[PDB]
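One structure is given here, and the rest of the page talks about it.
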Amino acid sequence: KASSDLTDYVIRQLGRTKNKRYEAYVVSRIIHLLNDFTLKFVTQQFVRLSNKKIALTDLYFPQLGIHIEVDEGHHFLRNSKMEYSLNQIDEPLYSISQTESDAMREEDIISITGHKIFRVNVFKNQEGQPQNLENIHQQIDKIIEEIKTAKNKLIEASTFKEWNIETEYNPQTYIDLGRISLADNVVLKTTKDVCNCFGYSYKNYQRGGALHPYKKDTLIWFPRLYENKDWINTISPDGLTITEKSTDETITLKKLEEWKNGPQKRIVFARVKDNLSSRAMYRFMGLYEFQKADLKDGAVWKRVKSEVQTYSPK
Amino acid sequence: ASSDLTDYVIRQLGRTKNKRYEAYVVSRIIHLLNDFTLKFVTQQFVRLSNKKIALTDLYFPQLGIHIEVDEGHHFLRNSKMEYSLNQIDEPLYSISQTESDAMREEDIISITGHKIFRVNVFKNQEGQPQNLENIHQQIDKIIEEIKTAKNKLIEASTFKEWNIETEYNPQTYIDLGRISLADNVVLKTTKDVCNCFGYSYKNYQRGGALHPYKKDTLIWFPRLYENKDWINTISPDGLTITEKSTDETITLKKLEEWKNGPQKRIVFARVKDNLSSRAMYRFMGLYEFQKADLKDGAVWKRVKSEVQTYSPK
Amino acid sequence: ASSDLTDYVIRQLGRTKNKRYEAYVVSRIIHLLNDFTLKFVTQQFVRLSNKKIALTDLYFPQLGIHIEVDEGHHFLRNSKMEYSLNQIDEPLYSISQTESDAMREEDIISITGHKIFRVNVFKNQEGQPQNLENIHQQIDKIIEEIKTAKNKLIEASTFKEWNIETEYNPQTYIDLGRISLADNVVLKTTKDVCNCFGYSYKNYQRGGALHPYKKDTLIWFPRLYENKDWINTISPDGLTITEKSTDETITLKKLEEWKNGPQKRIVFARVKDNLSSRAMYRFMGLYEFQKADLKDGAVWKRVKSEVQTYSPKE
Amino acid sequence: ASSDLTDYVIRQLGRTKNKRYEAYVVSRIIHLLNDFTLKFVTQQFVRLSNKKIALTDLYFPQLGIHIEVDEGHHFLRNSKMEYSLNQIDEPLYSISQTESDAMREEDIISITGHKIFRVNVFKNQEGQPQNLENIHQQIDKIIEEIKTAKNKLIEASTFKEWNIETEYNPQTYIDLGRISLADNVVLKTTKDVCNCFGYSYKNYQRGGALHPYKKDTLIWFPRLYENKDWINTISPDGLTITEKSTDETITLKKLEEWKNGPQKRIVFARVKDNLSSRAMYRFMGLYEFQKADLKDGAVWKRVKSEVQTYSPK
DNA sequence: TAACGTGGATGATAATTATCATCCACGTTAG
DNA sequence: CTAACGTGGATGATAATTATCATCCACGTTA
């Protein structure tokens, strides 16, 4: 039973509304020729550019940290919000206008720092004259080979953990591991789970933050990393720096002392929309420590640690 | 221009999916097969044993092989489709007669001699449930079958490789010497098929053409469905074609022309291309005049599946 | 069918509340007024002088009168609205420019010459509300203002009573003979406005339409916001309309086309109906061609606020 | 000051609408009546003859008058309601018992002596609504009915004006001298009702308190619904209250306590306020002990609808 | 040949559900 | 006795859940 979840995930991931003309063929061919479902993959993954604009990559393997983007330059897409711009080589060529990027703020957006991006060029030249299938299949094949070599590089280092739908959103799996890391790409369905990972007995949790039971200097935090009515929060494209401020200056002057004398460490889980079904979920961004407090720029938290230890229920 | 191959492939695999599991299975079959010397068509309209119009998810014309996925009644993207059981090799998915009447102009072929494979996404034959891995097996088996089929054709030297550029060119058809049903021949316009038989025509607007090299044969470009001027039908086996007109007076006046006229007709039916919705003409055969009545119309039987071509005179 | 009036009234007073005290004040004004010969609109989108998009709680088109409720800094979270100060004849409630670009297709009018009355719901801001009696006094004097306005219009014979059935029918405007801004004229589709000038059209899919009885004038159905093909804008006073296109080539080829004629254009703007949200077309005026140039594109200035109609041509 | 009046009025008219035309009718009635010396409640929970929980769109407690909007059952924002026919003095709209079990703690009153006016918004429903004018006519006749009722009450000097500040103050009821069912008396906490009878208390945590000036009387603060500790019910007429326990043993032991204990009880029932969801206590009257048994628990009958209060000792 | 109208599908958001934290009166165990 | 903590009802806050509605998108139609 429950082997249908893999099928549903795969179908829905390959069944998204197409942003590009040649995307579907390349993505599907890569997935099918790979034929390894122990490797989790995401289509149309939102990423954060150095330019602070929101971009997207057509294929994403979180475990291997590998992106695959098809390049059809300029003019062939029909009536979409996407735009064609040049950026760093490790960043995608397709972005979204800042106007439409502010509406998608709640969506899941990650950092591409350290990630490698491969491009598949479908056009011989301008005007969208297609290129013969042979070379495209060559590109796809060498990309796949690179992926496999990466996976091998991970499994020999024993850093590779197999993909399971059922256990990946389960807190107990992370209690058993028991470390929670960025390399594992950890995201949980709700706040109660994240709280229960650290030893809480909580049945449901509606509160914005909770003090770490086994560490007096640490605070479990569930921030919105974008701007909403209550707070103005930002995060650097590298994910190293997080700024927290408030829309009202009364709350701002009131929170300063609480931040300065309060717990100096915070474990950050950011609230994000799921790429499928649009449900609120929480992604682990790291372990941050308090750096400085200004009124203008707000509070500045720097990222000290990329891994956090979990605990059994108390 | 080898780009036409790729454009064709991506557009064929880029159709709006009627079924939920269609895309995955079809694409996996195509990619794992990895033979593009085999022409394939997706969402091919076929005519069942009855008069209803059905469709198959994948079609190989060269091998005469169809592949259909069975997801059951639900998971329907198009609500007007229907789920029914039929003759031994026939698709399980059909279209309502109301919406099939809008599909008259579409290209519709005969599945009689063709073999059909089913992919069972839920329970296969023998009653055993399946998900993921098992499905792949089915696919794999299908692939093997396909491969064997090709081999079975290629050892008998009946197999002819697919080349995009030359298949719509009349010159190659005057060069090889024969136009047959096995090659699955369709041309872009009337002037081309006319040029196959030796005409010099720059453009041809006419419904029919006298054969230059044969006085007893007539080249016909009928609509095999019902339109304003004529009511035409063709049997699911493709052996019998019936023609009559909306006005019975025109039928009565055309009776004598039918009996005293040329007794054989080379038939190219006007059909919509599966892509781009442009009028194209598919070769249905060489037909002989059988009979004519007032009540049920004129009646044509198919004597030959092959016709001889000629160089321009 | 007098039920359309009922449906309209119920749906107008049944909108989702932007503010806490909106419903009470608006409904009390409407009920105590008890005059249905006066058309009224709730949550009417208006265009501020500073180019921000604003909205008014109650709107009488015939009298050109707006009524706004003030509870500051609160505005029923979570609302996209914001509280800022502006012109005396302009509302205190606005929308963030981020949400203003998504609302482009909405019906937005000019408040120039319009009078706005304010209802202050609080005695001590913030927190504690005020007493009913005083608020009712404000509402009463506002209602009296409405009545004396109506009287000053009817004694000048400029007032035309409100009828649901006849207002969307072209024949009534053919009988009246003139389409004016003071009448607040909006039609349900293009075929109707086309038929007002003498066309027999059953359906019209084209943006522009040639005036049958005048060769120098053009019936125009532009989108006054930015869409896929071209970019058009309109000044808050409605005096100036700028027309450009997304591609500069077509602008350059349309430049001479703009220069030779037709030098006059009667404008019906495409707007979303405040109820049921199906495309409708509002008459913005009679504009004349001023300038041809790149960037801001062609510039049209409004020469006339009224246009004469004609019987069907045959 | 009078801002509490404003807050109350706004919150009463700001409830999430159960019906489509509710808001318009209610608001027009309130505004056109324009008398705020009359307390009014919207979406008031009532107990039907048949023990189902119903609701009325507008309720005037002082006049004991209900106003219900009659819509076709087809338009409901809350699909949780149900459309049924009942007694003439009873509303047409009810709630399903499944969620009515969650509504136990809510404030529920008796409609027996109350009169209900209906506003019919649809001429031949389904489909088109009736014209505005007629609806306004119904609203008007209802309003003048209300005014005439108020006049009938002020002429008999049974009417007491509505004041927010003094209605929750025990001292005011000590000054009036009587706590009556007609006055619709509800207090914020047990300490207040205890202070009405002469107790001096900062807070009172106990379920019941002995009447200082009467040894045969007991001030009771029961839950009139079924809870963990006790199972209690009250008749729709409010005349009969049954008291039982989840455990039968405790009931058997409570038999002797009931027969040998104080034979009279002044009942203040614990209810959730219609606004702000705070525990409140409504005066149910003076009940006397009739009988006690294992199966039926104990049975209390209501002897008096009014009780005399006293100054602190 | 292209633009508009219509119904199922998708995402947004109001209305509801359920749990925790804070406050406060009362009671315990520690000197 | 006071000082430091536990216990349970009353009260308020808000995410998670469901429930309901509006917007998006593909297809058939028509100028």
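In the structure tokens, chains take letters A, B, ... by order of appearance, with residues numbered from 1 within each chain and ligands from 1 in the order shown.
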
Over all C-alpha atoms paired in order - RMSD of chain D on chain B: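 Rounded to one decimal, the C-alpha RMSD is 1.8 Å.
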
Residues of chain C within 10 Å of chain A, counting only C-alpha atoms, as an MDAnalysis selection string: chainID C and resid 77:80 97:99 101:102 227:229

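Applying a distance limit of 12 Å to only C-alpha atoms (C1' of nucleotides), the residues of chain A near chain E read residues 16, 17, 192, 201, 202, 203, 204, 205, 206, 207, 208, 209, 210, 273, 276, 277, 278 and 279 of chain A.
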
Residues from last step as file, N, CA and C atoms, as a tab-separated table (two decimals), in the first residue's frame:
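Final output, result-v7.tsv:
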chain	number	residue	atom	x	y	z
A	16	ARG	N	3.14	19.70	-14.56
A	16	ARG	CA	2.94	21.13	-14.36
A	16	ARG	C	2.66	21.85	-15.67
A	17	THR	N	1.99	22.99	-15.58
A	17	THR	CA	1.76	23.82	-16.76
A	17	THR	C	3.11	24.29	-17.30
A	192	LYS	N	4.14	22.20	14.74
A	192	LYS	CA	4.09	21.23	15.83
A	192	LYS	C	5.15	20.14	15.63
A	201	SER	N	6.09	18.04	23.39
A	201	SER	CA	4.96	17.11	23.37
A	201	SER	C	3.75	17.68	22.63
A	202	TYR	N	3.93	18.87	22.05
A	202	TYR	CA	2.85	19.66	21.44
A	202	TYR	C	1.98	18.89	20.45
A	203	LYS	N	0.66	18.96	20.66
A	203	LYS	CA	-0.31	18.39	19.73
A	203	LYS	C	-0.57	19.33	18.55
A	204	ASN	N	-0.62	20.62	18.85
A	204	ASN	CA	-0.68	21.67	17.83
A	204	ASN	C	-0.03	22.95	18.36
A	205	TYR	N	0.62	23.71	17.49
A	205	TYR	CA	1.29	24.94	17.92
A	205	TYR	C	0.99	26.12	17.01
A	206	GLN	N	0.29	27.12	17.53
A	206	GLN	CA	-0.05	28.31	16.76
A	206	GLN	C	0.87	29.50	17.02
A	207	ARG	N	1.79	29.35	17.97
A	207	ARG	CA	2.62	30.47	18.40
A	207	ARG	C	3.83	30.69	17.49
A	208	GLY	N	4.26	31.94	17.38
A	208	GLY	CA	5.33	32.32	16.47
A	208	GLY	C	6.69	31.74	16.80
A	209	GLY	N	6.95	31.51	18.08
A	209	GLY	CA	8.24	30.98	18.50
A	209	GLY	C	8.16	30.20	19.80
A	210	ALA	N	9.12	29.30	20.00
A	210	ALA	CA	9.12	28.46	21.20
A	210	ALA	C	10.53	28.25	21.72
A	273	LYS	N	5.17	28.14	0.90
A	273	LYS	CA	4.14	27.39	0.19
A	273	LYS	C	4.74	26.17	-0.49
A	276	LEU	N	3.61	21.97	-4.66
A	276	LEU	CA	2.37	21.33	-5.09
A	276	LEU	C	1.28	21.54	-4.03
A	277	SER	N	0.05	21.75	-4.50
A	277	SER	CA	-1.14	21.88	-3.64
A	277	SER	C	-1.18	23.15	-2.78
A	278	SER	N	-0.11	23.95	-2.83
A	278	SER	CA	-0.07	25.26	-2.19
A	278	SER	C	-0.42	25.25	-0.70
A	279	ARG	N	0.20	24.35	0.05
A	279	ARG	CA	-0.05	24.26	1.48
A	279	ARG	C	1.13	24.81	2.27

All strand (DSSP E) positions in stretch 40-264 of chain C, as a PyMOL selection string: chain C and resi 41-47+53-60+65-70+81-83+93-95+109-110+115-120+178-180+186-187+208-210+217-220+232-234+240-243+264

Contact residues around residue D:205 with only C-alpha atoms (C1' of nucleotides) at 10 Å, ignoring same-chain residues under 2 positions, as JSON, numbers by chain: {"D": [189, 190, 191, 203, 207, 208, 209], "E": [25, 26], "F": [9]}

Interface, chain B side, toward chain F (10 Å; only C-alpha atoms (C1' of nucleotides)) as a PyMOL selection string: chain B and resi 16+78+102

Counting only C-alpha atoms, chain B residues within 12 Å of chain A, as JSON, numbers by chain: {"B": [1, 2, 3, 4, 5, 6, 7, 8, 9, 10, 11, 12, 13, 14, 15, 16, 17, 19, 20, 21, 22, 23, 24, 25, 26, 27, 28, 29, 30, 31, 32, 33, 34, 35, 36, 121, 122, 129, 130, 131, 132, 133, 134, 135, 136, 139]}

Shell of 12 Å around residue D:268, only C-alpha atoms (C1' of nucleotides), local chain residues under 2 positions omitted, as a PyMOL selection string: chain D and resi 179-181+184-194+207-209+218-224+265-266+270-271+279-287+307

Do you know which residues are at most 7 Å from residue C:191 counting only C-alpha atoms (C1' of nucleotides), after dropping those on the same chain fewer than 2 positions away, and could you put them as an mmCIF file with N, CA and C atoms, in the first residue's frame?
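Result file is result_24.cif:
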data_model
loop_
_atom_site.group_PDB
_atom_site.id
_atom_site.type_symbol
_atom_site.label_atom_id
_atom_site.label_comp_id
_atom_site.auth_asym_id
_atom_site.auth_seq_id
_atom_site.Cartn_x
_atom_site.Cartn_y
_atom_site.Cartn_z
ATOM 1 N N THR C 189 -21.123 45.587 -23.673
ATOM 2 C CA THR C 189 -20.231 45.044 -24.696
ATOM 3 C C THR C 189 -19.960 46.006 -25.850
ATOM 4 N N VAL C 193 -22.184 49.659 -28.007
ATOM 5 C CA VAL C 193 -21.629 50.986 -28.240
ATOM 6 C C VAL C 193 -21.433 51.209 -29.739
ATOM 7 N N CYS C 194 -21.081 50.146 -30.457
ATOM 8 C CA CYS C 194 -21.006 50.220 -31.911
ATOM 9 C C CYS C 194 -22.378 50.525 -32.512
ATOM 10 N N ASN C 195 -23.417 49.892 -31.975
ATOM 11 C CA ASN C 195 -24.776 50.088 -32.475
ATOM 12 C C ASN C 195 -25.355 51.450 -32.101
ATOM 13 N N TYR C 201 -24.018 45.734 -36.181
ATOM 14 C CA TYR C 201 -23.171 44.621 -35.747
ATOM 15 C C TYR C 201 -23.801 43.695 -34.708
ATOM 16 N N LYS C 202 -23.752 42.394 -34.987
ATOM 17 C CA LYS C 202 -24.189 41.373 -34.041
ATOM 18 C C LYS C 202 -23.093 41.120 -33.012
ATOM 19 N N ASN C 203 -21.852 41.083 -33.488
ATOM 20 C CA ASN C 203 -20.677 40.946 -32.631
ATOM 21 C C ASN C 203 -19.481 41.676 -33.235
ATOM 22 N N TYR C 204 -18.649 42.273 -32.388
ATOM 23 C CA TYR C 204 -17.440 42.936 -32.869
ATOM 24 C C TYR C 204 -16.219 42.566 -32.027
#

Exercise: stretch 83-97 of chain B partners within 12 Å, only C-alpha atoms (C1' of nucleotides), chain neighbours under 4 positions left out, as a count of residues only: 50

Contact residues (chain F, partner chain A, 9 Å, only C-alpha atoms (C1' of nucleotides)) as number ranges by chain: F: 13-16

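Computed from the coordinates, the atom CA of residue B:243 to atom CA of residue B:262 distance equals 15.2 Å.
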
What are the nearest atom pairs, with distances in Å to one decimal, for all residues of chain E that come at most 12 Å from chain D, using only C-alpha atoms (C1' of nucleotides), set out by chain and rising residue number as a Markdown table?
| residue | atom | partner | partner_atom | distance |
| --- | --- | --- | --- | --- |
| E:14 | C1' | D:16 | CA | 9.7 |
| E:15 | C1' | D:16 | CA | 8.2 |
| E:16 | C1' | D:78 | CA | 10.9 |
| E:17 | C1' | D:102 | CA | 11.1 |
| E:24 | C1' | D:203 | CA | 10.9 |
| E:25 | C1' | D:203 | CA | 8.1 |
| E:26 | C1' | D:205 | CA | 9.9 |

Would you mind exporting C-alpha atoms (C1' of nucleotides) of the selected residues as a CSV table (one decimal), in the first residue's frame?
chain,number,residue,atom,x,y,z
E,14,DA,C1',-13.4,33.5,4.6
E,15,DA,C1',-15.3,30.6,8.4
E,16,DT,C1',-14.4,27.2,11.6
E,17,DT,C1',-11.7,24.1,14.6
E,24,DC,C1',-5.0,35.0,38.6
E,25,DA,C1',-7.0,32.9,42.8
E,26,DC,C1',-6.0,29.1,45.7

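Atom CA of residue A:118 lies 11.2 Å from atom CA of residue A:93.
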
Backbone DSSP call of alpha helix (DSSP H) for stretch 44-266 of chain B, listed as number ranges by chain: B: 97-100, 133-154, 164-167, 170-176, 190-196, 248-260

Please write the residues from the selection above to a file, keeping C-alpha atoms, as a PDB file, in the first residue's frame.
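Dumped everything to part15.pdb:
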ATOM      1  CA  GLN B  97     -21.487  10.751 -31.415  1.00  0.00           C
ATOM      2  CA  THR B  98     -22.310  14.430 -30.913  1.00  0.00           C
ATOM      3  CA  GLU B  99     -18.683  15.490 -30.496  1.00  0.00           C
ATOM      4  CA  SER B 100     -17.492  12.912 -33.026  1.00  0.00           C
ATOM      5  CA  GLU B 133       7.800  -0.628 -11.102  1.00  0.00           C
ATOM      6  CA  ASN B 134       5.344  -3.199 -12.500  1.00  0.00           C
ATOM      7  CA  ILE B 135       4.077  -0.685 -15.063  1.00  0.00           C
ATOM      8  CA  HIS B 136       7.626  -0.260 -16.352  1.00  0.00           C
ATOM      9  CA  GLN B 137       7.757  -4.010 -16.981  1.00  0.00           C
ATOM     10  CA  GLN B 138       4.661  -3.754 -19.172  1.00  0.00           C
ATOM     11  CA  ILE B 139       6.250  -0.863 -21.027  1.00  0.00           C
ATOM     12  CA  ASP B 140       9.461  -2.838 -21.443  1.00  0.00           C
ATOM     13  CA  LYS B 141       7.557  -5.839 -22.777  1.00  0.00           C
ATOM     14  CA  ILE B 142       5.749  -3.578 -25.221  1.00  0.00           C
ATOM     15  CA  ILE B 143       9.065  -2.157 -26.381  1.00  0.00           C
ATOM     16  CA  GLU B 144      10.384  -5.659 -27.001  1.00  0.00           C
ATOM     17  CA  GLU B 145       7.273  -6.507 -29.003  1.00  0.00           C
ATOM     18  CA  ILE B 146       7.725  -3.326 -31.020  1.00  0.00           C
ATOM     19  CA  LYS B 147      11.372  -4.160 -31.643  1.00  0.00           C
ATOM     20  CA  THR B 148      10.554  -7.703 -32.724  1.00  0.00           C
ATOM     21  CA  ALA B 149       7.842  -6.337 -35.002  1.00  0.00           C
ATOM     22  CA  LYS B 150      10.340  -4.053 -36.715  1.00  0.00           C
ATOM     23  CA  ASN B 151      12.730  -6.959 -37.126  1.00  0.00           C
ATOM     24  CA  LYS B 152       9.935  -9.128 -38.487  1.00  0.00           C
ATOM     25  CA  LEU B 153       9.333  -6.400 -41.057  1.00  0.00           C
ATOM     26  CA  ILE B 154      12.988  -5.705 -41.797  1.00  0.00           C
ATOM     27  CA  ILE B 164      10.629  13.580 -42.909  1.00  0.00           C
ATOM     28  CA  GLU B 165      11.750  15.722 -45.843  1.00  0.00           C
ATOM     29  CA  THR B 166      11.045  13.210 -48.604  1.00  0.00           C
ATOM     30  CA  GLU B 167       7.754  11.739 -47.369  1.00  0.00           C
ATOM     31  CA  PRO B 170       5.834  13.604 -54.901  1.00  0.00           C
ATOM     32  CA  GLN B 171       9.170  13.118 -56.681  1.00  0.00           C
ATOM     33  CA  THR B 172      10.210  10.279 -54.384  1.00  0.00           C
ATOM     34  CA  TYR B 173       6.877   8.574 -55.031  1.00  0.00           C
ATOM     35  CA  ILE B 174       7.308   8.827 -58.781  1.00  0.00           C
ATOM     36  CA  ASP B 175      10.824   7.499 -58.200  1.00  0.00           C
ATOM     37  CA  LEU B 176      10.034   4.370 -56.156  1.00  0.00           C
ATOM     38  CA  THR B 190      -4.068  18.166 -54.582  1.00  0.00           C
ATOM     39  CA  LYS B 191      -1.403  19.516 -56.930  1.00  0.00           C
ATOM     40  CA  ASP B 192       1.150  17.131 -55.408  1.00  0.00           C
ATOM     41  CA  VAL B 193      -0.845  13.912 -55.809  1.00  0.00           C
ATOM     42  CA  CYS B 194      -1.781  15.178 -59.270  1.00  0.00           C
ATOM     43  CA  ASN B 195       1.928  15.646 -60.025  1.00  0.00           C
ATOM     44  CA  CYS B 196       2.545  12.067 -58.890  1.00  0.00           C
ATOM     45  CA  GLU B 248     -32.168  13.330 -54.412  1.00  0.00           C
ATOM     46  CA  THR B 249     -32.485  15.068 -57.781  1.00  0.00           C
ATOM     47  CA  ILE B 250     -28.706  15.420 -57.986  1.00  0.00           C
ATOM     48  CA  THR B 251     -28.357  11.746 -57.059  1.00  0.00           C
ATOM     49  CA  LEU B 252     -30.808  10.700 -59.775  1.00  0.00           C
ATOM     50  CA  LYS B 253     -29.003  12.842 -62.345  1.00  0.00           C
ATOM     51  CA  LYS B 254     -25.622  11.502 -61.191  1.00  0.00           C
ATOM     52  CA  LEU B 255     -26.749   7.871 -61.432  1.00  0.00           C
ATOM     53  CA  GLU B 256     -26.255   7.697 -65.205  1.00  0.00           C
ATOM     54  CA  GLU B 257     -22.899   9.448 -64.864  1.00  0.00           C
ATOM     55  CA  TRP B 258     -21.950   6.817 -62.301  1.00  0.00           C
ATOM     56  CA  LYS B 259     -22.913   3.827 -64.439  1.00  0.00           C
ATOM     57  CA  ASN B 260     -21.609   5.171 -67.765  1.00  0.00           C
TER      58      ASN B 260
END

Spatial neighbours of residue F:29, 10 Å, only C-alpha atoms (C1' of nucleotides), chain gap at least 4 places, as a list in words: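 Selected residues are residues 4, 5 and 6 of chain E.
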
Could you dump the residues just selected with N, CA and C atoms (P, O5', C5', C4', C3', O3' and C1' of nucleotides) as a PDB file, in the first residue's frame?
ATOM      1  P    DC E   4     -11.511  40.377 -28.078  1.00  0.00           P
ATOM      2  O5'  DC E   4     -12.647  39.414 -27.529  1.00  0.00           O
ATOM      3  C5'  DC E   4     -14.010  39.659 -27.945  1.00  0.00           C
ATOM      4  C4'  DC E   4     -14.796  38.323 -27.962  1.00  0.00           C
ATOM      5  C3'  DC E   4     -15.278  37.952 -26.497  1.00  0.00           C
ATOM      6  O3'  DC E   4     -16.640  37.978 -26.414  1.00  0.00           O
ATOM      7  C1'  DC E   4     -14.500  36.113 -27.466  1.00  0.00           C
ATOM      8  P    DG E   5     -17.359  38.133 -24.984  1.00  0.00           P
ATOM      9  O5'  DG E   5     -17.971  36.682 -24.693  1.00  0.00           O
ATOM     10  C5'  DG E   5     -19.025  36.173 -25.505  1.00  0.00           C
ATOM     11  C4'  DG E   5     -19.244  34.690 -25.248  1.00  0.00           C
ATOM     12  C3'  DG E   5     -19.643  34.329 -23.815  1.00  0.00           C
ATOM     13  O3'  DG E   5     -20.684  33.358 -23.830  1.00  0.00           O
ATOM     14  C1'  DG E   5     -17.715  33.116 -24.438  1.00  0.00           C
ATOM     15  P    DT E   6     -21.422  32.940 -22.465  1.00  0.00           P
ATOM     16  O5'  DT E   6     -20.762  31.531 -22.086  1.00  0.00           O
ATOM     17  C5'  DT E   6     -20.937  30.412 -22.947  1.00  0.00           C
ATOM     18  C4'  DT E   6     -20.210  29.192 -22.411  1.00  0.00           C
ATOM     19  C3'  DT E   6     -20.498  28.857 -20.944  1.00  0.00           C
ATOM     20  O3'  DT E   6     -20.861  27.491 -20.824  1.00  0.00           O
ATOM     21  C1'  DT E   6     -18.163  28.919 -21.339  1.00  0.00           C
TER      22       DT E   6
END

For the interface of chain C with chain D (cut-off 12 Å, counting only C-alpha atoms), please tabulate each contacting residue of chain C alongside its nearest pair of atoms and their separation in Å to one decimal, rows sorted by chain and increasing number, as a tab-separated table.
residue	atom	partner	partner_atom	distance
C:1	CA	D:131	CA	8.4
C:2	CA	D:131	CA	5.6
C:3	CA	D:131	CA	5.2
C:4	CA	D:131	CA	8.5
C:5	CA	D:132	CA	7.5
C:6	CA	D:132	CA	5.5
C:7	CA	D:129	CA	7.6
C:8	CA	D:132	CA	10.6
C:9	CA	D:132	CA	8.9
C:10	CA	D:24	CA	6.9
C:11	CA	D:20	CA	9.4
C:12	CA	D:24	CA	10.5
C:13	CA	D:24	CA	7.4
C:14	CA	D:23	CA	7.9
C:15	CA	D:23	CA	11.2
C:16	CA	D:16	CA	10.6
C:17	CA	D:14	CA	9.6
C:19	CA	D:14	CA	11.0
C:20	CA	D:14	CA	8.2
C:21	CA	D:10	CA	7.2
C:22	CA	D:10	CA	10.0
C:23	CA	D:14	CA	8.0
C:24	CA	D:10	CA	6.9
C:25	CA	D:10	CA	9.8
C:26	CA	D:27	CA	10.5
C:27	CA	D:27	CA	7.1
C:28	CA	D:31	CA	6.0
C:29	CA	D:31	CA	9.2
C:30	CA	D:28	CA	9.0
C:31	CA	D:28	CA	6.0
C:32	CA	D:32	CA	6.7
C:33	CA	D:32	CA	10.2
C:34	CA	D:32	CA	9.9
C:35	CA	D:133	CA	11.3
C:36	CA	D:132	CA	9.7
C:121	CA	D:6	CA	9.5
C:122	CA	D:3	CA	9.1
C:123	CA	D:3	CA	9.0
C:124	CA	D:3	CA	10.6
C:127	CA	D:3	CA	10.8
C:128	CA	D:3	CA	7.2
C:129	CA	D:3	CA	5.6
C:130	CA	D:3	CA	5.1
C:131	CA	D:3	CA	4.6
C:132	CA	D:6	CA	5.4
C:133	CA	D:2	CA	8.8
C:134	CA	D:2	CA	10.4
C:135	CA	D:6	CA	9.5
C:136	CA	D:34	CA	9.8
C:139	CA	D:31	CA	11.6
C:140	CA	D:31	CA	12.0

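Between atom CA of residue A:34 and atom CA of residue A:69 lies a distance of 16.4 Å.
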